[PDB]
Amino acid sequence: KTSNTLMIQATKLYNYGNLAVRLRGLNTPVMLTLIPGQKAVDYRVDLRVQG
Amino acid sequence: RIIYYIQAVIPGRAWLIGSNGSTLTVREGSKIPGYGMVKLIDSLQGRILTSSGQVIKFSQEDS
Amino acid sequence: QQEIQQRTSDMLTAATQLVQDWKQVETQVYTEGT
Amino acid sequence: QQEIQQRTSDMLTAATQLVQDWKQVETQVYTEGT
């Protein structure tokens, strides 16, 4: 409930979705989309935020 | 010139990224700069057909 | 001829299964942090 | 001739077992230390 790391596990094969994350200093939440089942798997994604 | 790579593909859409880092999303009939008109999106095997004859794929060490 | 009706029964079960699978939409979850 | 149907029954049980084994995906576990 304090860190800056999320741990995501996909439950279905091809059902896709989206997520909203609000940070400590930001007012605009950052929304991301999540696609499973590709020819590559992102083991870890690093995100640079503008502020 | 600019080279585009497939980031994600479902039936219908395809999300592409360029060598400049710009990201786009396309459907069956859509405009792509420097390539022409999209003719067919093939979700299996990761191939996109273009009106100029080009095929859009994944990066080879990133696929 | 009777094959239409046997096919109707396996098909009926599969289509009922498909439509009941298409019915469910679940509520979203909001997580609060401090 | 009837061997197709006996084979259908043992095969039906085995294929149902295989598909139900392919269905389950379990949630990951996170361990916190201090």
# chains A, B, ... in the order shown; residues from 1 in each chain; ligands from 1

$ residues_around --residues "stretch 15-23 of chain D" --least-positions-apart "4" --cutoff "12 Å" --atoms "only C-alpha atoms" --output "tab-separated table (two decimals) with N, CA, C and O atoms, in the first residue's frame"
chain	number	residue	atom	x	y	z
A	11	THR	N	-5.18	-13.87	-16.05
A	11	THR	CA	-5.99	-15.03	-15.72
A	11	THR	C	-6.57	-15.70	-16.96
A	11	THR	O	-6.61	-16.91	-17.04
A	12	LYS	N	-6.98	-14.94	-17.96
A	12	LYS	CA	-7.55	-15.54	-19.15
A	12	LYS	C	-6.55	-15.45	-20.31
A	12	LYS	O	-5.50	-14.82	-20.20
A	13	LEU	N	-6.89	-16.10	-21.42
A	13	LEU	CA	-5.91	-16.21	-22.50
A	13	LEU	C	-5.89	-14.94	-23.34
A	13	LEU	O	-4.83	-14.32	-23.50
D	7	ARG	N	-14.87	-47.03	-28.52
D	7	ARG	CA	-13.75	-46.12	-28.59
D	7	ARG	C	-14.19	-44.70	-28.36
D	7	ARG	O	-13.51	-43.97	-27.64
D	8	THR	N	-15.38	-44.35	-28.81
D	8	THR	CA	-15.91	-43.03	-28.55
D	8	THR	C	-16.11	-42.82	-27.05
D	8	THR	O	-15.83	-41.74	-26.53
D	9	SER	N	-16.62	-43.83	-26.34
D	9	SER	CA	-16.79	-43.63	-24.89
D	9	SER	C	-15.49	-43.50	-24.07
D	9	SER	O	-15.37	-42.57	-23.25
D	10	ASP	N	-14.47	-44.37	-24.29
D	10	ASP	CA	-13.20	-44.19	-23.51
D	10	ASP	C	-12.52	-42.88	-23.90
D	10	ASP	O	-11.98	-42.16	-23.05
D	11	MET	N	-12.52	-42.60	-25.21
D	11	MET	CA	-12.00	-41.35	-25.74
D	11	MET	C	-12.76	-40.14	-25.24
D	11	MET	O	-12.13	-39.11	-24.97

$ calpha_fit_and_write --fixed "chain D" --moving "chain C" --output "mmCIF file with C-alpha atoms, in the first residue's frame"
data_model
loop_
_atom_site.group_PDB
_atom_site.id
_atom_site.type_symbol
_atom_site.label_atom_id
_atom_site.label_comp_id
_atom_site.auth_asym_id
_atom_site.auth_seq_id
_atom_site.Cartn_x
_atom_site.Cartn_y
_atom_site.Cartn_z
ATOM 1 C CA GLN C 1 -18.064 -51.449 -36.653
ATOM 2 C CA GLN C 2 -19.378 -51.043 -33.054
ATOM 3 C CA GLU C 3 -15.762 -50.533 -31.992
ATOM 4 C CA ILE C 4 -16.043 -46.904 -33.141
ATOM 5 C CA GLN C 5 -18.646 -46.279 -30.441
ATOM 6 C CA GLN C 6 -16.805 -48.154 -27.607
ATOM 7 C CA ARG C 7 -13.751 -46.123 -28.593
ATOM 8 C CA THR C 8 -15.912 -43.028 -28.545
ATOM 9 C CA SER C 9 -16.789 -43.628 -24.890
ATOM 10 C CA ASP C 10 -13.204 -44.185 -23.512
ATOM 11 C CA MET C 11 -12.000 -41.350 -25.743
ATOM 12 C CA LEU C 12 -14.817 -39.101 -24.558
ATOM 13 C CA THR C 13 -13.837 -39.560 -20.955
ATOM 14 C CA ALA C 14 -10.143 -38.971 -21.697
ATOM 15 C CA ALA C 15 -10.765 -35.836 -23.801
ATOM 16 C CA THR C 16 -13.120 -34.349 -21.196
ATOM 17 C CA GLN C 17 -10.426 -35.012 -18.603
ATOM 18 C CA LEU C 18 -7.817 -33.321 -20.788
ATOM 19 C CA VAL C 19 -9.855 -30.195 -21.482
ATOM 20 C CA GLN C 20 -10.841 -29.758 -17.805
ATOM 21 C CA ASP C 21 -7.150 -30.121 -16.971
ATOM 22 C CA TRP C 22 -6.323 -27.432 -19.472
ATOM 23 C CA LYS C 23 -8.917 -25.023 -17.937
ATOM 24 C CA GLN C 24 -7.440 -24.094 -14.550
ATOM 25 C CA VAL C 25 -5.215 -21.057 -14.003
ATOM 26 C CA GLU C 26 -4.312 -20.192 -10.372
ATOM 27 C CA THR C 27 -3.508 -16.818 -8.748
ATOM 28 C CA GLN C 28 0.118 -15.867 -7.928
ATOM 29 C CA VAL C 29 1.367 -15.421 -4.329
ATOM 30 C CA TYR C 30 3.287 -12.399 -3.009
ATOM 31 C CA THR C 31 5.362 -12.720 0.163
ATOM 32 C CA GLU C 32 6.283 -9.674 2.290
ATOM 33 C CA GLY C 33 9.320 -9.664 4.589
ATOM 34 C CA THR C 34 10.422 -7.661 7.649
#

$ residues_around --residues "residue A:15" --least-positions-apart "4" --cutoff "12 Å" --atoms "only C-alpha atoms" --output "list in words"
residues 10, 11, 33, 34, 35, 36, 37 and 38 of chain A; 10 of chain B

$ write_last_selection --atoms "N, CA, C and O atoms" --output "PDB file, in the first residue's frame"
ATOM      1  N   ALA A  10      -1.994 -12.516 -15.539  1.00  0.00           N
ATOM      2  CA  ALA A  10      -3.134 -12.648 -16.420  1.00  0.00           C
ATOM      3  C   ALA A  10      -3.857 -13.943 -16.103  1.00  0.00           C
ATOM      4  O   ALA A  10      -3.228 -14.985 -15.896  1.00  0.00           O
ATOM      5  N   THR A  11      -5.184 -13.868 -16.050  1.00  0.00           N
ATOM      6  CA  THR A  11      -5.991 -15.031 -15.720  1.00  0.00           C
ATOM      7  C   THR A  11      -6.572 -15.696 -16.956  1.00  0.00           C
ATOM      8  O   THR A  11      -6.608 -16.911 -17.037  1.00  0.00           O
ATOM      9  N   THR A  33      -3.414   0.225 -21.267  1.00  0.00           N
ATOM     10  CA  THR A  33      -4.129  -0.945 -21.768  1.00  0.00           C
ATOM     11  C   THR A  33      -3.237  -2.183 -21.777  1.00  0.00           C
ATOM     12  O   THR A  33      -2.018  -2.116 -21.974  1.00  0.00           O
ATOM     13  N   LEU A  34      -3.895  -3.314 -21.527  1.00  0.00           N
ATOM     14  CA  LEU A  34      -3.303  -4.601 -21.191  1.00  0.00           C
ATOM     15  C   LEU A  34      -3.808  -5.653 -22.168  1.00  0.00           C
ATOM     16  O   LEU A  34      -5.009  -5.953 -22.195  1.00  0.00           O
ATOM     17  N   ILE A  35      -2.894  -6.211 -22.959  1.00  0.00           N
ATOM     18  CA  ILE A  35      -3.212  -7.181 -23.995  1.00  0.00           C
ATOM     19  C   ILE A  35      -2.422  -8.440 -23.658  1.00  0.00           C
ATOM     20  O   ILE A  35      -1.194  -8.390 -23.588  1.00  0.00           O
ATOM     21  N   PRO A  36      -3.062  -9.585 -23.448  1.00  0.00           N
ATOM     22  CA  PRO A  36      -2.317 -10.841 -23.293  1.00  0.00           C
ATOM     23  C   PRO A  36      -2.207 -11.643 -24.580  1.00  0.00           C
ATOM     24  O   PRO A  36      -2.849 -11.302 -25.578  1.00  0.00           O
ATOM     25  N   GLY A  37      -1.405 -12.707 -24.577  1.00  0.00           N
ATOM     26  CA  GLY A  37      -1.410 -13.620 -25.705  1.00  0.00           C
ATOM     27  C   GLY A  37      -0.680 -13.232 -26.970  1.00  0.00           C
ATOM     28  O   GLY A  37      -1.120 -13.615 -28.057  1.00  0.00           O
ATOM     29  N   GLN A  38       0.411 -12.484 -26.885  1.00  0.00           N
ATOM     30  CA  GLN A  38       1.107 -12.079 -28.096  1.00  0.00           C
ATOM     31  C   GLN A  38       2.269 -13.030 -28.407  1.00  0.00           C
ATOM     32  O   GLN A  38       2.455 -14.060 -27.751  1.00  0.00           O
TER      33      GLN A  38
ATOM     34  N   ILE B  10      -4.802  -7.468 -32.682  1.00  0.00           N
ATOM     35  CA  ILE B  10      -5.981  -8.287 -32.422  1.00  0.00           C
ATOM     36  C   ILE B  10      -6.708  -8.400 -33.756  1.00  0.00           C
ATOM     37  O   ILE B  10      -6.236  -7.802 -34.733  1.00  0.00           O
TER      38      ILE B  10
END

$ residues_around --residues "residue B:42" --least-positions-apart "5" --cutoff "10 Å" --atoms "only C-alpha atoms" --output "PDB file with C-alpha atoms, in the first residue's frame"
ATOM      1  CA  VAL B   9      -2.457  -6.944 -32.969  1.00  0.00           C
ATOM      2  CA  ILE B  10      -5.981  -8.287 -32.422  1.00  0.00           C
ATOM      3  CA  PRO B  11      -8.597  -9.075 -35.097  1.00  0.00           C
ATOM      4  CA  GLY B  12      -9.529  -5.680 -36.442  1.00  0.00           C
ATOM      5  CA  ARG B  13      -6.901  -3.439 -34.845  1.00  0.00           C
ATOM      6  CA  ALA B  14      -3.130  -3.214 -34.834  1.00  0.00           C
ATOM      7  CA  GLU B  28      -8.763  -2.252 -41.821  1.00  0.00           C
ATOM      8  CA  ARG B  47       1.691  -9.580 -40.937  1.00  0.00           C
ATOM      9  CA  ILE B  48       0.130  -6.357 -42.202  1.00  0.00           C
ATOM     10  CA  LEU B  49      -0.375  -5.843 -45.933  1.00  0.00           C
TER      11      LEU B  49
END

$ interface_residues --of "chain B" --to "chain A" --cutoff "8 Å" --atoms "only C-alpha atoms" --output "list in words"
residues 8, 9, 62 and 63 of chain B

$ select_by_dssp --residues "chain D" --states "alpha helix (DSSP H)" --output "list in words"
residues 3, 4, 5, 6, 7, 8, 9, 10, 11, 12, 13, 14, 15, 16, 17, 18, 19, 20, 21, 22 and 23 of chain D

$ write_last_selection --atoms "N, CA, C and O atoms" --output "PDB file, in the first residue's frame"
ATOM      1  N   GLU D   3     -16.997 -50.962 -32.620  1.00  0.00           N
ATOM      2  CA  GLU D   3     -15.762 -50.533 -31.991  1.00  0.00           C
ATOM      3  C   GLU D   3     -15.558 -49.027 -32.057  1.00  0.00           C
ATOM      4  O   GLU D   3     -14.922 -48.464 -31.152  1.00  0.00           O
ATOM      5  N   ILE D   4     -16.128 -48.360 -33.066  1.00  0.00           N
ATOM      6  CA  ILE D   4     -16.044 -46.904 -33.141  1.00  0.00           C
ATOM      7  C   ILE D   4     -16.746 -46.283 -31.942  1.00  0.00           C
ATOM      8  O   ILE D   4     -16.204 -45.397 -31.282  1.00  0.00           O
ATOM      9  N   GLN D   5     -17.929 -46.780 -31.605  1.00  0.00           N
ATOM     10  CA  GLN D   5     -18.646 -46.278 -30.440  1.00  0.00           C
ATOM     11  C   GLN D   5     -18.025 -46.675 -29.092  1.00  0.00           C
ATOM     12  O   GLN D   5     -18.076 -45.840 -28.165  1.00  0.00           O
ATOM     13  N   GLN D   6     -17.424 -47.888 -28.931  1.00  0.00           N
ATOM     14  CA  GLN D   6     -16.805 -48.154 -27.607  1.00  0.00           C
ATOM     15  C   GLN D   6     -15.631 -47.198 -27.428  1.00  0.00           C
ATOM     16  O   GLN D   6     -15.474 -46.559 -26.371  1.00  0.00           O
ATOM     17  N   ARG D   7     -14.871 -47.034 -28.522  1.00  0.00           N
ATOM     18  CA  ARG D   7     -13.751 -46.123 -28.593  1.00  0.00           C
ATOM     19  C   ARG D   7     -14.191 -44.701 -28.357  1.00  0.00           C
ATOM     20  O   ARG D   7     -13.509 -43.972 -27.637  1.00  0.00           O
ATOM     21  N   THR D   8     -15.385 -44.351 -28.806  1.00  0.00           N
ATOM     22  CA  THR D   8     -15.911 -43.027 -28.546  1.00  0.00           C
ATOM     23  C   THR D   8     -16.114 -42.819 -27.049  1.00  0.00           C
ATOM     24  O   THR D   8     -15.828 -41.743 -26.529  1.00  0.00           O
ATOM     25  N   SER D   9     -16.616 -43.829 -26.336  1.00  0.00           N
ATOM     26  CA  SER D   9     -16.790 -43.627 -24.889  1.00  0.00           C
ATOM     27  C   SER D   9     -15.487 -43.504 -24.070  1.00  0.00           C
ATOM     28  O   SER D   9     -15.374 -42.568 -23.248  1.00  0.00           O
ATOM     29  N   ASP D  10     -14.467 -44.374 -24.292  1.00  0.00           N
ATOM     30  CA  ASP D  10     -13.204 -44.185 -23.513  1.00  0.00           C
ATOM     31  C   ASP D  10     -12.518 -42.884 -23.905  1.00  0.00           C
ATOM     32  O   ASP D  10     -11.977 -42.163 -23.053  1.00  0.00           O
ATOM     33  N   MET D  11     -12.517 -42.601 -25.207  1.00  0.00           N
ATOM     34  CA  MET D  11     -12.000 -41.351 -25.743  1.00  0.00           C
ATOM     35  C   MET D  11     -12.756 -40.136 -25.244  1.00  0.00           C
ATOM     36  O   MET D  11     -12.128 -39.113 -24.966  1.00  0.00           O
ATOM     37  N   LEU D  12     -14.067 -40.246 -25.046  1.00  0.00           N
ATOM     38  CA  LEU D  12     -14.815 -39.100 -24.558  1.00  0.00           C
ATOM     39  C   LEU D  12     -14.429 -38.759 -23.148  1.00  0.00           C
ATOM     40  O   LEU D  12     -14.171 -37.587 -22.838  1.00  0.00           O
ATOM     41  N   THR D  13     -14.269 -39.791 -22.326  1.00  0.00           N
ATOM     42  CA  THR D  13     -13.837 -39.559 -20.955  1.00  0.00           C
ATOM     43  C   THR D  13     -12.434 -38.968 -20.892  1.00  0.00           C
ATOM     44  O   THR D  13     -12.195 -38.009 -20.140  1.00  0.00           O
ATOM     45  N   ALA D  14     -11.507 -39.497 -21.696  1.00  0.00           N
ATOM     46  CA  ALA D  14     -10.144 -38.971 -21.699  1.00  0.00           C
ATOM     47  C   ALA D  14     -10.068 -37.530 -22.216  1.00  0.00           C
ATOM     48  O   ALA D  14      -9.348 -36.702 -21.646  1.00  0.00           O
ATOM     49  N   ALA D  15     -10.822 -37.199 -23.271  1.00  0.00           N
ATOM     50  CA  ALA D  15     -10.766 -35.836 -23.802  1.00  0.00           C
ATOM     51  C   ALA D  15     -11.419 -34.824 -22.872  1.00  0.00           C
ATOM     52  O   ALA D  15     -10.941 -33.686 -22.765  1.00  0.00           O
ATOM     53  N   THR D  16     -12.504 -35.220 -22.193  1.00  0.00           N
ATOM     54  CA  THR D  16     -13.120 -34.349 -21.196  1.00  0.00           C
ATOM     55  C   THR D  16     -12.159 -34.098 -20.049  1.00  0.00           C
ATOM     56  O   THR D  16     -12.037 -32.966 -19.563  1.00  0.00           O
ATOM     57  N   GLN D  17     -11.432 -35.146 -19.647  1.00  0.00           N
ATOM     58  CA  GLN D  17     -10.426 -35.012 -18.603  1.00  0.00           C
ATOM     59  C   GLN D  17      -9.312 -34.068 -19.030  1.00  0.00           C
ATOM     60  O   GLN D  17      -8.883 -33.201 -18.256  1.00  0.00           O
ATOM     61  N   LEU D  18      -8.877 -34.183 -20.281  1.00  0.00           N
ATOM     62  CA  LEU D  18      -7.818 -33.320 -20.790  1.00  0.00           C
ATOM     63  C   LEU D  18      -8.229 -31.859 -20.860  1.00  0.00           C
ATOM     64  O   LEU D  18      -7.458 -30.975 -20.470  1.00  0.00           O
ATOM     65  N   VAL D  19      -9.432 -31.584 -21.356  1.00  0.00           N
ATOM     66  CA  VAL D  19      -9.855 -30.196 -21.482  1.00  0.00           C
ATOM     67  C   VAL D  19     -10.107 -29.555 -20.108  1.00  0.00           C
ATOM     68  O   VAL D  19      -9.744 -28.385 -19.878  1.00  0.00           O
ATOM     69  N   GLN D  20     -10.664 -30.317 -19.147  1.00  0.00           N
ATOM     70  CA  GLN D  20     -10.841 -29.759 -17.805  1.00  0.00           C
ATOM     71  C   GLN D  20      -9.490 -29.559 -17.133  1.00  0.00           C
ATOM     72  O   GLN D  20      -9.357 -28.684 -16.271  1.00  0.00           O
ATOM     73  N   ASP D  21      -8.482 -30.362 -17.508  1.00  0.00           N
ATOM     74  CA  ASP D  21      -7.151 -30.121 -16.970  1.00  0.00           C
ATOM     75  C   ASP D  21      -6.539 -28.890 -17.609  1.00  0.00           C
ATOM     76  O   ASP D  21      -5.617 -28.298 -17.053  1.00  0.00           O
ATOM     77  N   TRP D  22      -6.863 -28.628 -18.860  1.00  0.00           N
ATOM     78  CA  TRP D  22      -6.321 -27.432 -19.471  1.00  0.00           C
ATOM     79  C   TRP D  22      -7.031 -26.161 -18.990  1.00  0.00           C
ATOM     80  O   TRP D  22      -6.508 -25.067 -19.238  1.00  0.00           O
ATOM     81  N   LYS D  23      -8.205 -26.264 -18.313  1.00  0.00           N
ATOM     82  CA  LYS D  23      -8.917 -25.023 -17.938  1.00  0.00           C
ATOM     83  C   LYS D  23      -8.339 -24.217 -16.773  1.00  0.00           C
ATOM     84  O   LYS D  23      -8.430 -22.987 -16.802  1.00  0.00           O
TER      85      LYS D  23
END

$ closest_atom_pairs --of "chain A" --to "chain C" --cutoff "12 Å" --atoms "only C-alpha atoms" --output "CSV"
residue,atom,partner,partner_atom,distance
A:1,CA,C:33,CA,5.2
A:2,CA,C:34,CA,6.5
A:3,CA,C:33,CA,9.7
A:4,CA,C:33,CA,11.2
A:17,CA,C:28,CA,11.3
A:18,CA,C:28,CA,10.8
A:19,CA,C:28,CA,10.2
A:20,CA,C:30,CA,9.4
A:21,CA,C:31,CA,9.7
A:22,CA,C:32,CA,9.8
A:23,CA,C:33,CA,10.0
A:24,CA,C:33,CA,9.8

$ write_last_selection --atoms "C-alpha atoms" --output "short mmCIF file (atom, residue, chain, number, x, y, z; two decimals), in the first residue's frame"
data_model
loop_
_atom_site.label_atom_id
_atom_site.label_comp_id
_atom_site.auth_asym_id
_atom_site.auth_seq_id
_atom_site.Cartn_x
_atom_site.Cartn_y
_atom_site.Cartn_z
CA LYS A 1 0.00 0.00 0.00
CA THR A 2 3.03 2.36 -0.23
CA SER A 3 5.41 1.34 -3.03
CA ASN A 4 5.62 2.16 -6.76
CA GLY A 17 -8.45 -4.72 -20.55
CA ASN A 18 -7.42 -1.38 -19.10
CA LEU A 19 -6.21 0.13 -15.83
CA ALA A 20 -6.12 3.56 -14.14
CA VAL A 21 -3.28 4.53 -11.78
CA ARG A 22 -3.16 7.71 -9.69
CA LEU A 23 0.25 8.72 -8.36
CA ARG A 24 1.13 10.76 -5.30
#

$ atom_distance --atom1 "atom CA of residue B:58" --atom2 "atom CA of residue A:50"
27.1 Å

$ atom_distance --atom1 "atom CA of residue B:7" --atom2 "atom CA of residue B:23"
8.7 Å

$ atom_distance --atom1 "atom CA of residue A:43" --atom2 "atom CA of residue B:16"
19.4 Å
